[PDB]
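Next comes just one chain, in structure tokens: the form deposited in one PDB entry.
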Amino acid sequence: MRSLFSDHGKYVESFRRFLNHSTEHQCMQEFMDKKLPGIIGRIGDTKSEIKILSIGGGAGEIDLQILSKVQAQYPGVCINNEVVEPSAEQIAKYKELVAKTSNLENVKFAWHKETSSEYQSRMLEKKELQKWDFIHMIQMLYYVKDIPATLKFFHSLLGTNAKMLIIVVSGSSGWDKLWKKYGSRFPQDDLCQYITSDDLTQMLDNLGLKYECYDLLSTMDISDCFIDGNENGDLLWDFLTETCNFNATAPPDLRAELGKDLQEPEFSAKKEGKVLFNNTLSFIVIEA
């Protein structure tokens, strides 16, 4: 069993199938529309330049949406948005998106090709420490080695009335169950790392930071995962298991318990003849 994250090709295909059969993206859309406003309501107060640091170039369309809400609250104010992404493929895509978008004259972009870690290391070399008004980490901690250290660092980069926003899958979610129980039995990679909003609050508690957590429901239609032979079904399987060609490369003893175990409540809910996997999300905001 080889980690799915080691086959850039498969991954994407799957990831893509994941978005196509989930309310993930719309879920964040709702957060940004009905909650974000009041959250970032004062990060611009008294500043003639609003700085926004985004760690991860995977949700370009979401980043842009954040800008939309920040511009609305602070008309005229120029915005400096830096992006810290390791994947050239991503940055590349991001950029394309920028060029095709309007109402971004009062925004300055700057992409840095590296990891949160590398970025962080560098900064320390600099003598001066630079602050920020808004930091955010959408679905990417999974790929961070030192969470506690990472959290504390960027918190210190927050300026006055600044805020840091983090998104991960919720403790009360299918993923949680899927990992607490089966994890050990899946390919242990050094790149990925199973983490839930739960692991998060404990770390933040022990760190002593003041945060606020919000959960919203999101689903993943895994119906094609019971139709033996279905191509689509196969990809999805690859995703949950974060493994390559899961079926044809895993112990049926296991693939047997899952097939059963997934169609159960604590993992999924049965709807319009559909089997919906609990993809609930958590949004954490941290004060400076």
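Only residues modelled in both forms are compared. Just count from 1 along the sequence shown to find any residue number. Between two forms, the rigid core is defined as the largest C-alpha subset superposing within 1.5 Å.
Chemist: Select between 167-175 and 99-107 the stretch whose C-alpha atoms have the higher average B-factor in the entry.
Modeler: According to the entry, 99-107 carries the higher average C-alpha B-factor.
Chemist: Higher mean Cα B-factor in the deposited model: 40-48 or 254-262?
Modeler: Per the PDB entry, the higher value belongs to 254-262.
Chemist: Have a look at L191, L157, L151, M140 and flag the one whose Cα has the highest B-factor in the entry.
Modeler: Most elevated C-alpha B-factor of the set, per the entry: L191.
Chemist: Between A92, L124, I195, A162, let me know which has the highest C-alpha B-factor in the entry?
Modeler: The record points to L124.
Chemist: Hey, what third does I55 fall into on Cα B-factor, ranked over its chain?
Modeler: According to the entry, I55 has a C-alpha B-factor in the chain's lowest third.
Chemist: Lowest, middle or highest third: where is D133 by Cα B-factor in its chain?
Modeler: Tercile = lowest for this residue's CA B-factor.
Chemist: Please rank the C-alpha B-factors of the chain's modelled residues and tell me whether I284 sits in the lowest, middle or highest third.
Modeler: For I284, the deposited C-alpha B-factor lands in the lowest third.
Chemist: Please say which third, lowest, middle or highest, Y74 falls into when its CA temperature factor is compared across its chain.
Modeler: Middle third of the chain for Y74's C-alpha B-factor.
Chemist: Lowest, middle or highest third: where is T249 by C-alpha B factor in its chain?
Modeler: Answer is highest: the recorded C-alpha B-factor places it there.
The protein also exists as the form solved in complex with a small molecule; that form is not presented, and the subsequent description refers to it.
Chemist: The small molecule is absent from this chain, but in the bound PDB entry, do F134, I166 and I284 each have a non-hydrogen atom within 4.5 Å of it?
Modeler: The answer is no: none of the three residues contacts the partner (heavy atom, 4.5 Å cut-off).
Chemist: Select from the listed residues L262, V70, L36, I55 the one whose heavy atoms reach within 4.5 Å of the small molecule in the bound PDB entry.
Modeler: So the residue touching the small molecule in the bound PDB entry, by this definition, is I55.
Chemist: Heavy atom within 4.5 Å of the small molecule in the bound PDB entry: which of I79, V84, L151, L200 fits that? Just give me the one.
Modeler: Filtering the options by heavy-atom distance leaves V84.
Chemist: Just one stretch in 115-123, 96-104, 207-215, 157-165 has heavy atoms within 4.5 Å of the small molecule in the bound PDB entry, so which one is it?
Modeler: That would be stretch 115-123.
Chemist: Using a 4.5 angstroms cut-off on non-hydrogen atoms, would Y143 count as touching the small molecule in the bound PDB entry?
Modeler: Heavy-atom contact with the small molecule at 4.5 Å: present for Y143.
Chemist: What stretches, three or more residues long, have all their C-alphas moved by 2 Å or more between this form and the one not shown when the rigid core is held in place?
Modeler: After core superposition, the one displaced run is 57-59.
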